[PDB]
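Shown next, in structure tokens, is the structure this report addresses.
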Amino acid sequence: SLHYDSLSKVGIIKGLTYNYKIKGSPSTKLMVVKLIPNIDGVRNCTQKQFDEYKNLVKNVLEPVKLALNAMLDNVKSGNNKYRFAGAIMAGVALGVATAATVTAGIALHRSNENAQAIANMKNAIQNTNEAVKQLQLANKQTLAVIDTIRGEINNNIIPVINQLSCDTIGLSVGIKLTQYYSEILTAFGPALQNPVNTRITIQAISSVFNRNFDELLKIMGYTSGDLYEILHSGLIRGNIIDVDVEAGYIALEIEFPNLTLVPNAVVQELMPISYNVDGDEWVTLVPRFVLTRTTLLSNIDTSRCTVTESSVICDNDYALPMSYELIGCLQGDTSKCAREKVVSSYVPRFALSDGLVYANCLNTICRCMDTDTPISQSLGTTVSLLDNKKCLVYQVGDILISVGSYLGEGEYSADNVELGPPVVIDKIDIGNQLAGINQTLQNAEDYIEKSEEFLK
Amino acid sequence: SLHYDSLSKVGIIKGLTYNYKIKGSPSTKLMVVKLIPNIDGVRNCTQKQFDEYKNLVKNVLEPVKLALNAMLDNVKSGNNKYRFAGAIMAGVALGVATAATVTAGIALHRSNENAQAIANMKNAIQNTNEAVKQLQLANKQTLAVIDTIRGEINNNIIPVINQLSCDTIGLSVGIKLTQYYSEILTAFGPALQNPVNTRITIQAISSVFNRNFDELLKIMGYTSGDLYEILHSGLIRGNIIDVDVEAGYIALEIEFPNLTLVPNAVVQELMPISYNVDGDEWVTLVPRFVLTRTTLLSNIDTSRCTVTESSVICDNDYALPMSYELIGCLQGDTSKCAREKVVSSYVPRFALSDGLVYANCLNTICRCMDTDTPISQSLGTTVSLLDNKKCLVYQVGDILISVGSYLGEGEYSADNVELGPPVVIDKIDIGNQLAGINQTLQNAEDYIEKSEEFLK
Amino acid sequence: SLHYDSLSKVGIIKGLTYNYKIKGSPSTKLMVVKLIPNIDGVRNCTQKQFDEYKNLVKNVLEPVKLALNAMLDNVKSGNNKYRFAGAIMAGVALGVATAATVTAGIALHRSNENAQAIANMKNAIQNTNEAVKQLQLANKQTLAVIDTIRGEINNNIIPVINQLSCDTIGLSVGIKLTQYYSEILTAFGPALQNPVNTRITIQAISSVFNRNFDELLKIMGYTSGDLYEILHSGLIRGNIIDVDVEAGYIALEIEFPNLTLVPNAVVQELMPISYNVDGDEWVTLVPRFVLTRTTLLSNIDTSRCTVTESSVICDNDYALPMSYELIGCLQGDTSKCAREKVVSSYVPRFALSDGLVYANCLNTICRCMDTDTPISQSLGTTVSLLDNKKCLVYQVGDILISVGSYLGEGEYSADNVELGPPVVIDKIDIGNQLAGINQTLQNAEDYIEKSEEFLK
């Protein structure tokens with residue numbers, strides 16, 4: 001169970017509660033990318049240099065096809081087994097493959113028909129001079145085509161049509177080709193060493209197209225709402241289906257799974273405070289996000305997940321375990337909670353939660369302007385609470401604030417709870433501590449062997 | 001205290017001493033950003049598409065205003081309490097708020113007059129077609145306006161004025177709008193889930209404007225000197241003051257606090273060396289930067305701070321604590337210092353400090369070309385020192401170097417000091433070690449319970 | 001030694017074996033960069049503003065020269081010692097210097113002749129209006145010159161030649177200059193606080209030139225093959241040789257060392273699996289990459305290295321040590337291996353290696369469609385193996401797969417091996433555990449002092 005009162009009295013302030021959702025139904029769509037530049041706009045006087053580019057990309061495209069070769073042949077179906085819905089893998093010659101590799105192979109075997117249809121239609125597609133446009137199909141999936149930055153190359157031909165010779169245009173087109181090749185090598189193409197794994201992020205694709213990804217979502221029919229959460233989660237991934245060395249034809253996957261809310265799922269947000277013990281500033285180590293799910297305490301990492309005031313969805317769902325000490329600290333037990341020292345000049349001395357303020361007067365001033373009696377605090381107090389019964393307007397530091405009324409009798413007063421011993425969090429300090437523990441283990445082993453040698 | 005001789009004899013070379021400064025007087029300036037495109041340059045034949053954009057940004061701007069709503073109403077002042085300089089908060093209905101949230105609310109309540117003045121002047125500001133310009137006010141703060149990349153859109157209209165139809169211009173302007181929207185979503189706007197927190201960095205603003213930030217600093221009147229240190233520290237932050245859904249009007253904060261030098265503040269720089277014990281290469285684990293302040297040993301993290309040869313300023317001032325073992329190792333005690341093994345082919349065998357060289361001859365060659373006697377070293381030596389008394393020119397590896405004279409009698413010779421046991425620094429090794437310690441804790445608890453059951 | 005069978009039976013699947021290479025023969029080439037804008041294209045009516053830029057860069061260039069001053073004077077040679085191939089350093093006045101600083105000083109002393117030749121030829125080089133071109137020399141090294149983005153500035157002068165006044169052109173050129181200055185400050189120039197250290201990466205240089213680096217490699221004569229591995233390793237570094245404050249003349253180093261294959265060098269790739277113990281999912285902690293070298297177990301970090309199916313080369317070659325527990329777990333000992341709990345919805349239940357599948361039927365369904373007997377598994381089984389002797393086609397989850405034949409008699413069956421106790425990997429959990437260990441150390445010390453006080 002979770003005890004909010006215990007966390008409040010320790011020094012941990014509750015934030016906001018969020019829900020948890022799980023992605024499902026991984027529907028996928030294919031996108032076509034052509035490495036060959038468009039035949040319009042660019043003149044043929046530099047096309048010889050283009051031939052060199054045709055070789056250069058080949059040096060990058062020939063091995064990639066070799067990666068795809070001998071892989072699709074390991075999956076087959078229909079050999080007198082049409083009743084089976086799935087396909088029987090024959091990865092004996094493949095040697096080594098993972099679960100992700102097997103799933104990618106199954107997807108490739110399923111989408112081989114679409115890949116062949118796209119390859120057949122490539123002859124007509126190559127004649128499309130439009131910059132960005134949609135593409136119909138057999139009514140199974142809708143495709144699209146984009147001319148990339150090369151479509152803007154014509155915009156650089158209107159100036160100095162005949163003032164600059166063909167050499168300058170060739171140099172400019174070579175510079176543009178080198179820039180595109182460098183961008184592809186940085187965040188596309190052979191960046192993923194294994195093309196049978198779905199690990200392509202939308203950030204790389206955006207960086208290829210000058211940090212833009214809205215066009216693909218609009219073409220595929222995305223949802224305007226919760227766009228920031230989807231972008232932060234990065235649930236959309238991509239993989240290579242087929243590659244054409246001669247034509248520079250590649251296919252990219254776009255997955256838009258639907259989110260389903262987990263019943264009775266709750267995630268808690270907490271923040272620490274800078275309380276006082278004796279003339280010094282102290283803080284408590286507590287994770288900002290706590291996972292509860294269906295009444296089962298667990299740990300979760302929100303570093304690579306979304307942070308929203310109403311929903312928290314993790315793309316990987318690590319679901320890390322939680323130690324017994326952390327569980328005890330979270331529940332109604334304060335002896336298992338650790339504390340650290342803070343020397344920062346600016347600290348969150350006060351905080352607000354559920355209409356109630358939390359701070360300490362051992363280091364910050366406390367005085368009710370409505371009463372002549374100056375508010376004080378005993379030296380053996382860690383935390384304090386304020387209510388409208390004592391005073392209406394309170395002042396912390398140079399900031400005035402007012403609170404409401406307690407939910408019950410309001411007997412919080414200034415109750416304090418003891419905590420565990422402090423310890424350093426620095427990596428070097430942890431290393432020194434564990435080295436000392438290992439050194440003491442020698443004496444421990446010596447005592448153990450002494451207790452079983454002549455101890456009688 | 002700090003013992004430089006002990007560090008030198010252990011194997012730690014002193015670098016350079018730096019000062020420490022603290023930011024203060026957080027003066028703030030407001031900057032106005034208009035999401036609506038300029039009325040000049042772009043033709044009206046695509047303005048219908050602009051209307052769709054007017055809806056799209058609304059889907060991103062409507063919730064943000066809801067974030068600002070019901071927040072400023074929680075702070076009020078002047079209700080028969082004009083004598084009070086501050087404002088009395090009424091965050092009872094707010095529910096949960098942090099110290100940063102309270103400070104942001106106070107700042108918003110103070111700057112509401114400026115926000116209202118800016119909103120009133122927006123009618124005249126919208127008629128300003130200038131790309132980048134300044135803006136006067138009531139003589140409290142100076143503002144500015146910038147047309148962003150949209151001002152360059154007109155530069156794309158000079159080519160093909162009538163050769164390309166309105167459809168191409170509309171497509172280009174839509175592509176530009178999508179790129180700007182994607183950039184804003186990446187490094188602006190709703191990236192910060194809580195708009196009542198000052199966590200906007202200048203790097204994001206620069207990425208919005210193609211990695212450029214000098215114009216804002218020049219307009220605000222920054223200081224040319226120490227610009228690199230200010231950029232590295234990132235002391236300038238921003239926050240949202242008000243948002244206009246219809247007009248796309250937003251305000252950004254720019255803080256330029258003044259740095260005050262802490263009296264008697266010193267920060268030390270140290271580097272490790274690759275010494276020898278017996279035919280093997282060994283290194284010592286010591287932090288590169290050591291914080292001393294006003295004669296009080298402490299730990300500091302310079303990863304997110306500045307690194308300058310004359311001053312070190314940390315933006316967050318973590319001021320992490322230091323373990324007793326680290327303090328003992330830093331001072332005149334060598335038994336608390338740990339060592340590790342290094343197998344790298346290239347290592348810093350030699351180093352220079354205060355005109356004195358430090359190296360070991362157990363693995364590197366040592367020979368004075370001015371003397372026929374070949375320099376040697378005993379097998380039980382860890383470190384060695386050289387001086388002009390023995391030879392004038394020394395050779396380490398294939399590099400010749402010369403030193404000066406010692407500060408005193410020069411009796412350093414080849415004194416060595418013992419160190420503690422070694423240990424691995426890898427995370428997996430640390431995990432295995434702590435798992436073994438936990439396993440041994442079972443036997444420890446068994447022995448403890450045996451010692452209190454029948455041990456008599 | 002390495003036991004692949006032990007790893008397979010524990011739950012660790014072998015991947016692919018790679019080689020290891022070491023860089024050598026660090027040949028270096030110089031590249032010239034001119035900060036002064038080209039005299040062609042830009043009109044003189046804005047040149048006055050350029051003068052201000054001439055001052056601005058000076059504020060950034062004057063200290064840098066001071067960094068180079070008094071440094072080259074500390075290295076000298078030829079003073080009646082021409083027979084010596086090296087140079088004798090005189091860094092007594094330098095005070096503090098590292099091994100990298102000494103190497104950089106030696107390189108500067110060696111290349112001072114080339115630097116002087118470049119400075120002398122700068123007078124003729126400044127008259128070169130070509131965008132990018134090569135540059136001959138004394139036949140020791142080939143240089144090059146590049147006009148950067150400024151060469152495209154003329155492309156912005158063709159539109160509105162006389163429609164826009166000189167003020168607009170000056171504003172545009174000032175904006176471009178500010179953008180270039182910001183980019184330089186971000187990823188060039190004074191970013192490296194110590195200019196006597198080689199720590200400039202090619203990523204920063206590419207970011208200066210819009211993420212492009214192929215032109216420099218093509219000019220210097222790079223190798224088309226293994227380009228991705230070279231880019232990932234980042235073996236090419238740079239350093240500042242000389243700086244001209246007035247002319248904005250700087251030199252950058254480009255190193256292209258040759259890779260030599262280490263004899264009998266092997267690096268192993270491994271992946272974990274999600275096995276079962278009793279109705280729960282469990283995983284094993286094992287590093288993905290294992291270093292073996294010439295029959296010597298060691299640890300290596302591939303995070304900042306290359307990942308290729310045929311070769312793995314580390315730029316820094318950390319060569320971290322390995323704990324005894326990890327060595328025991330890797331070899332034929334399972335008691336030293338640790339395990340963790342995983343609650344993720346999607347886990348790699350099955351895997352393939354050497355034509356053999358590995359999975360568990362305790363949580364996933366197992367049934368041979370060719371036989372009416374349903375495949376089952378005992379509750380006390382952790383891992384299982386499948387072969388063509390029992391069934392030809394196997395099904396895991398909703399995926400069908402087939403295997404070949406065992407290398408020997410095929411008596412793997414479903415043998416299981418015990419593992420060590422589990423432990424949490426979270427940093428907070430580790431901190432709590434070490435705090436508890438430190439607390440127990442107090443009782444341990446009390447028992448130790450009791451055993452030497454009156455224990456008789």
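Going by the structure tokens order, chains are called A, B, ..., each with residues numbered from 1, while ligands are numbered from 1 in the order shown.
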Original post:
For chain B, which residues have at least one atom within 6 Å of chain A, if we go by only C-alpha atoms? Write them as a PyMOL selection string, please.
Top reply: chain B and resi 88-90+92+95-99+179+182+317-319+323
Subject >> Close residues, residue C:286 itself excluded, 9 Å, only C-alpha atoms, min 2 positions apart in chain, as a VMD selection string >> reply: (chain B and resid 428) or (chain C and resid 12 270 to 272 284 288 to 289 326 329 to 330 337 to 338)
Residue selection dump (N, CA, C and O atoms) as a PDB file, in the first residue's frame:
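Generated file (part.pdb):
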ATOM      1  N   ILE B 428      28.953  -3.728 -14.142  1.00  0.00           N
ATOM      2  CA  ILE B 428      28.639  -5.143 -13.966  1.00  0.00           C
ATOM      3  C   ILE B 428      29.484  -5.744 -12.850  1.00  0.00           C
ATOM      4  O   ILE B 428      28.992  -6.538 -12.037  1.00  0.00           O
TER       5      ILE B 428
ATOM      6  N   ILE C  12      22.521 -17.582 -22.147  1.00  0.00           N
ATOM      7  CA  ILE C  12      23.229 -16.582 -22.937  1.00  0.00           C
ATOM      8  C   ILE C  12      23.495 -17.167 -24.318  1.00  0.00           C
ATOM      9  O   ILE C  12      24.111 -18.231 -24.442  1.00  0.00           O
ATOM     10  N   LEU C 270      27.373 -11.603 -27.409  1.00  0.00           N
ATOM     11  CA  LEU C 270      26.407 -12.420 -26.692  1.00  0.00           C
ATOM     12  C   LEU C 270      25.139 -11.616 -26.442  1.00  0.00           C
ATOM     13  O   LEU C 270      25.159 -10.383 -26.385  1.00  0.00           O
ATOM     14  N   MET C 271      24.029 -12.331 -26.295  1.00  0.00           N
ATOM     15  CA  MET C 271      22.751 -11.714 -25.966  1.00  0.00           C
ATOM     16  C   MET C 271      22.047 -12.529 -24.893  1.00  0.00           C
ATOM     17  O   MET C 271      22.259 -13.743 -24.789  1.00  0.00           O
ATOM     18  N   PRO C 272      21.222 -11.889 -24.070  1.00  0.00           N
ATOM     19  CA  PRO C 272      20.495 -12.609 -23.023  1.00  0.00           C
ATOM     20  C   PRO C 272      19.157 -13.144 -23.524  1.00  0.00           C
ATOM     21  O   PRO C 272      18.702 -12.837 -24.627  1.00  0.00           O
ATOM     22  N   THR C 284      19.259 -12.817 -17.454  1.00  0.00           N
ATOM     23  CA  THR C 284      20.629 -12.911 -16.970  1.00  0.00           C
ATOM     24  C   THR C 284      21.420 -11.697 -17.434  1.00  0.00           C
ATOM     25  O   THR C 284      21.299 -11.269 -18.586  1.00  0.00           O
ATOM     26  N   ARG C 288      27.141  -7.504 -23.660  1.00  0.00           N
ATOM     27  CA  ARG C 288      26.917  -7.885 -25.051  1.00  0.00           C
ATOM     28  C   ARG C 288      28.227  -8.218 -25.757  1.00  0.00           C
ATOM     29  O   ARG C 288      28.287  -9.166 -26.548  1.00  0.00           O
ATOM     30  N   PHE C 289      29.281  -7.456 -25.485  1.00  0.00           N
ATOM     31  CA  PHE C 289      30.580  -7.648 -26.114  1.00  0.00           C
ATOM     32  C   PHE C 289      31.586  -8.120 -25.073  1.00  0.00           C
ATOM     33  O   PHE C 289      31.667  -7.553 -23.979  1.00  0.00           O
ATOM     34  N   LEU C 326      32.759 -12.332 -12.715  1.00  0.00           N
ATOM     35  CA  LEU C 326      32.410 -12.320 -14.132  1.00  0.00           C
ATOM     36  C   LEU C 326      33.181 -13.388 -14.898  1.00  0.00           C
ATOM     37  O   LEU C 326      32.626 -14.054 -15.780  1.00  0.00           O
ATOM     38  N   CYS C 329      31.596 -16.712 -14.104  1.00  0.00           N
ATOM     39  CA  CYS C 329      30.322 -16.859 -14.803  1.00  0.00           C
ATOM     40  C   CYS C 329      30.536 -17.152 -16.283  1.00  0.00           C
ATOM     41  O   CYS C 329      29.815 -17.966 -16.872  1.00  0.00           O
ATOM     42  N   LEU C 330      31.519 -16.492 -16.901  1.00  0.00           N
ATOM     43  CA  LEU C 330      31.794 -16.727 -18.316  1.00  0.00           C
ATOM     44  C   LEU C 330      32.272 -18.153 -18.562  1.00  0.00           C
ATOM     45  O   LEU C 330      31.874 -18.788 -19.545  1.00  0.00           O
ATOM     46  N   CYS C 337      26.903 -16.678 -11.562  1.00  0.00           N
ATOM     47  CA  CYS C 337      26.066 -15.875 -12.442  1.00  0.00           C
ATOM     48  C   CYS C 337      24.848 -15.354 -11.692  1.00  0.00           C
ATOM     49  O   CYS C 337      24.196 -16.092 -10.948  1.00  0.00           O
ATOM     50  N   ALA C 338      24.548 -14.076 -11.892  1.00  0.00           N
ATOM     51  CA  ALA C 338      23.410 -13.423 -11.263  1.00  0.00           C
ATOM     52  C   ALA C 338      22.232 -13.354 -12.228  1.00  0.00           C
ATOM     53  O   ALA C 338      22.387 -13.450 -13.447  1.00  0.00           O
TER      54      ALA C 338
END
**OP:** Any chance you could list, as a ChimeraX atom specification, the residues in stretch 177-411 of chain B that come up strand (DSSP E) when DSSP is run on the backbone?
**Re:** /B:200-201,237-238,240-244,249-255,258-261,267-271,275-276,281-284,289-291,339-341,351-353,356-359,384-385,394-396,399-401
**OP:** Find the spatial neighbours of stretch 67-81 of chain A, counting only C-alpha atoms, within a cut-off of 9 Å - ignore same-chain residues fewer than 6 positions away - and output them as a VMD selection string.
**Re:** (chain A and resid 87 to 94 105 to 106 108 to 109 112 194 to 196 241 to 243) or (chain C and resid 401)
Original post:
Could you pull out all residues of stretch 46-274 of chain A with a DSSP call of alpha helix (DSSP H) and give them as a ChimeraX atom specification?
Top reply: /A:47-68,99-125,166-187,202-208,214-220,227-233
**OP:** Please identify all polymer residues within 12 Å of residue C:221, counting only C-alpha atoms, omitting same-chain residues fewer than 5 positions from it, and present them as a list in words.
**Re:**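 Near residue C:221, the qualifying residues are residues 29, 134, 141, 142, 143, 144, 214, 215, 216, 254, 255 and 256 of chain C.
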Subject >> Near-residue B:315 list (7 Å; only C-alpha atoms; drop same-chain fewer than 3 positions) as a list in words >> reply: residues 233, 234, 235 and 305 of chain B
Resulting file, chosen residues, C-alpha atoms, as an mmCIF file, in the first residue's frame:
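Output (selection.cif):
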data_model
loop_
_atom_site.group_PDB
_atom_site.id
_atom_site.type_symbol
_atom_site.label_atom_id
_atom_site.label_comp_id
_atom_site.auth_asym_id
_atom_site.auth_seq_id
_atom_site.Cartn_x
_atom_site.Cartn_y
_atom_site.Cartn_z
ATOM 1 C CA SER B 233 27.197 27.823 -17.924
ATOM 2 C CA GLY B 234 23.813 28.548 -19.501
ATOM 3 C CA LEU B 235 22.766 30.905 -16.707
ATOM 4 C CA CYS B 305 29.670 23.538 -15.723
#
**OP:** Figure out the distance between atom CA of residue B:260 and atom CA of residue C:62, please, to one decimal in Å.
**Re:**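 Separating atom CA of residue C:62 from atom CA of residue B:260 is a distance of 25.3 Å.
Shell of residue B:383 at 7 Å, with only C-alpha atoms counted and residues fewer than 2 places along the chain excluded, is residues 275, 359, 360, 381, 414 and 416 of chain B.
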Quick one: write out the picked residues with N, CA, C and O atoms as a JSON list (two decimals), in the first residue's frame?
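Contents of result.json, freshly written:
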[["chain", "number", "residue", "atom", "x", "y", "z"],
["B", 275, "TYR", "N", 51.73, 5.08, -13.54],
["B", 275, "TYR", "CA", 52.96, 4.65, -12.89],
["B", 275, "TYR", "C", 53.12, 3.14, -13.04],
["B", 275, "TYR", "O", 52.35, 2.48, -13.75],
["B", 359, "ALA", "N", 57.69, 10.77, -13.78],
["B", 359, "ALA", "CA", 57.58, 9.58, -14.61],
["B", 359, "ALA", "C", 58.21, 8.42, -13.85],
["B", 359, "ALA", "O", 58.66, 8.57, -12.71],
["B", 360, "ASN", "N", 58.23, 7.25, -14.49],
["B", 360, "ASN", "CA", 58.84, 6.06, -13.91],
["B", 360, "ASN", "C", 59.67, 5.36, -14.96],
["B", 360, "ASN", "O", 59.29, 5.31, -16.14],
["B", 381, "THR", "N", 60.45, 0.23, -6.98],
["B", 381, "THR", "CA", 60.20, 1.66, -7.07],
["B", 381, "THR", "C", 58.95, 1.91, -7.90],
["B", 381, "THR", "O", 58.75, 1.29, -8.95],
["B", 414, "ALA", "N", 63.67, 8.84, -4.94],
["B", 414, "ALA", "CA", 62.67, 7.96, -5.54],
["B", 414, "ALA", "C", 61.77, 7.38, -4.45],
["B", 414, "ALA", "O", 61.48, 6.18, -4.43],
["B", 416, "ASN", "N", 58.66, 6.19, -2.36],
["B", 416, "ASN", "CA", 57.40, 5.57, -2.75],
["B", 416, "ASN", "C", 56.51, 5.39, -1.53],
["B", 416, "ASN", "O", 56.98, 5.32, -0.40]]
Original post:
Contacts of residue B:24 at 9 Å or less, counting only C-alpha atoms, minus same-chain residues fewer than 3 places along, as number ranges by chain?
Top reply: B: 27, 257-260
**OP:** Mind giving me the straight-line distance from atom CA of residue A:264 to atom CA of residue C:279 in Å, one decimal?
**Re:**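 Taking atom CA of residue A:264 as the start and atom CA of residue C:279 as the end point, the length is 23.0 Å.
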